């Protein structure tokens, strides 16, 4: 039921809303007011997805697709089987994600720790809003948003990119991809370094903070340090979406041509043309 060190931490308090009313656990899970609102939005959103899918052509989990309205509906409500289920599921998704984030703040407060995790989780919630709310608002129709389907959301990403001929030349995408790659590489370096110090092999002794810093000073001439690699990892991962969002919002509202042609700002300077 409890970890061997857990009981002393299970004290009352730390909520943002509700106080003692929902301040309790169900098995390992903390509830709180935002645990109750998270379960409400998750139950509604999954129920709406299940009923929308029951009216479509397939029960295959890869092929099911619940889609937004035609562009002609603009920012208005659409009939349920013509975009309205998608609209209601999107509101439940945002409610569930924000409830999840604020519940993490209550859990952090009860434990006396920093709120850095819920703050970091605001980044993917923000990117979901860029894709489903802010860009569609700027273009004037909910129908520019992505559909809910395991493979169909990929068909939307695919066509969206090719609407700008070659999306790889989008400068916001180049930044986003570069952060995705250096973050995945850095996480392998960090996980591998900590494991290599704690697990030298062959009954050898566990090594030290000094050995950690010596390894990368030897391999690349610099060690960022044990606290700082965690600040760097949060920074690299967060900037996947914090820079990518600029590339997503620019496409349509601030640029309608192919992305390769955008680089004419450099290529077409009269001096070297």
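Numbering follows the first chain given and starts at 1.
Peer 1: In the PDB record, does 188 to 196 or 69 to 77 carry the higher mean Cα temperature factor?
Peer 2: It is 69 to 77 that shows the higher mean C-alpha B-factor.
Peer 1: Once you work out the mean C-alpha B-factor for both 199 to 207 and 92 to 100 from the entry, which is higher?
Peer 2: Higher mean C-alpha B-factor: 199 to 207.
Peer 1: Report the third (lowest, middle or highest) to which the CA temperature factor of residue 83 belongs, ranking only the modelled residues of the same chain.
Peer 2: Highest third - that is where residue 83 ends up once the chain's C-alpha B-factors are sorted.
Peer 1: What third of its chain, lowest, middle or highest, does the C-alpha temperature factor of residue 233 fall into?
Peer 2: For residue 233, the deposited C-alpha B-factor lands in the lowest third.
Peer 1: What third of the chain does residue 119 rank in for C-alpha temperature factor, lowest, middle or highest?
Peer 2: Middle third, going by the recorded CA B-factors of the chain.
Peer 1: Using the temperature factors of the C-alpha atoms in this entry, rank residue 240 within its chain: lowest, middle or highest third.
Peer 2: Bottom third by C-alpha B-factor.
Peer 1: Where does residue 177 sit by CA temperature factor within its chain: lowest, middle or highest third?
Peer 2: As the PDB entry reports it, the C-alpha B-factor of residue 177 lands in the lowest third of its chain.
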